[PDB]
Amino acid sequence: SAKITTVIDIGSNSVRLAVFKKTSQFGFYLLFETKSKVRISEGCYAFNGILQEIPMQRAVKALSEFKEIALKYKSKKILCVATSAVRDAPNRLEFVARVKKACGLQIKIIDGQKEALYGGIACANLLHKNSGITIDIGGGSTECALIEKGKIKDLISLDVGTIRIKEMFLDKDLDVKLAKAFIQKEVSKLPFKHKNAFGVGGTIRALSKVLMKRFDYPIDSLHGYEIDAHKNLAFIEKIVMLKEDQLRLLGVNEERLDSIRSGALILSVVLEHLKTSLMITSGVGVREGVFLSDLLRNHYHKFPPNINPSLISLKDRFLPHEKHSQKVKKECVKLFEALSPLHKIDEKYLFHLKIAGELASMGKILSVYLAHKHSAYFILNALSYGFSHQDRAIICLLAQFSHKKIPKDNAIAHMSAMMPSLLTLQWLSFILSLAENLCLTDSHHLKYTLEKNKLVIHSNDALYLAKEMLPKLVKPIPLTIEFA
């Protein structure tokens, strides 16, 4: 296993490259990513899958430069897989040899089961829910993996894809009704159902962006975006029939216009069949699954319990000294417990409080001025694997507003109907703030009790600075705070 690993995926629509960098045993992050839409499948579907010359030439040229990029980052391992368009191709051996000849890259053609597995491995490890069904919609095929509690159960690969449907129906000028009936037949082959889906791939990313723009969503990242599938199913169905200009007005990018409608059609049929309630947009897929297969060597390729690669790598990069963050987290927990009779907050939020406690001072790596704002910025933007947007929102807010009143008008606080109340957020940010004050100095054996409305801080230390600072805390409710 290597410190710098490049994974290249040759799909039916585009070729894509990811460079992953190890920061610790389980910590890693995505160092670089790029894609080229070479559409190697262009014109092949009428030819019984034979890859056409011009598309093959485009693919070779892109892949040669992907090799250059891999070497630029000094990758010690370079892994290359090819999916539906290449595996289906009668001339696949010719194409593989041409790439090896030009680029030195050895393509591993993977079957649909393996493709579904790699997607499943990524989603089972890197999302904020571990039970659900992946939906990976590509140009030539669509894969679903059923995951139960982090374990891959079943796999299905279907030959329906955005470009396949485009070229066999929407080009030959067969009605949308015909395309739909054909997709429905293939989708009937999926035996399972689940409330959760993990959306994988470019079609689903593009459609996610459409919904974010349509609804004025406050958060920029794609990974961990939660879509109400029922609520949005009709609109996804409507996209199928839109003109390209209507797609442009929804913010669809120029290169996405020609495949997004067949993609929406496949997605709508699949969601309906799986009986999906929640779709999580996944920024991860086959490339991550290939990397995780190489990173984690044990039978199922799973992270050990309570190991999060994104939280770990964030600390590796920006917080290599862990003592202070740990102590603040510990006092946050003790304070939350002592104050629980007053606040009555659901213990599920201890998850968010603990991580805010660890990361609140991360932003000092940038500047002392507005350090908490910077931590929040880092949290919202860089804490990805294993966290929902809602998770990041709560954590970001606790840090950002430390020693401050949270405004009634904050957009992130309102990002969903399921967000905690302002009062809950203020409680949690207050607890973090007081923990920070108490942990400023070298202070051991802190203990907290609640006597009536009164929080009592027990310490053997003088705590001079913490006493001085007490009036600058913003309390969620009037609360008497005393030092024994």
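Heads up: residue numbers just count along the shown sequence, starting at 1.
If you average the C-alpha B-factors over 296 to 304 and over 162 to 170, the higher value belongs to 296 to 304. On average the C-alpha atoms of 316 to 324 have higher B-factors than those of the other stretch, with 99 to 107 and 316 to 324 being the two compared. Of the candidates 342, 116, 86, 80, the deposited coordinates give 342 the top C-alpha B factor.
Reading the B-factor column for the CA atoms of 208, 157, 384, 131 in the entry, the top value corresponds to 384. In this PDB entry, residue 401 carries a Cα temperature factor that places it within the lowest third of its chain's modelled residues. Looking at the C-alpha B-factors along this chain, the one for residue 65 belongs to the middle third.
In the deposited entry, the Cα temperature factor of residue 16 places it in the lowest third of its chain's modelled residues. Sort the modelled residues of the chain by CA B factor and residue 465 lands in the middle third. Per-chain ranking of the deposited C-alpha B factor places residue 450 in the highest third.
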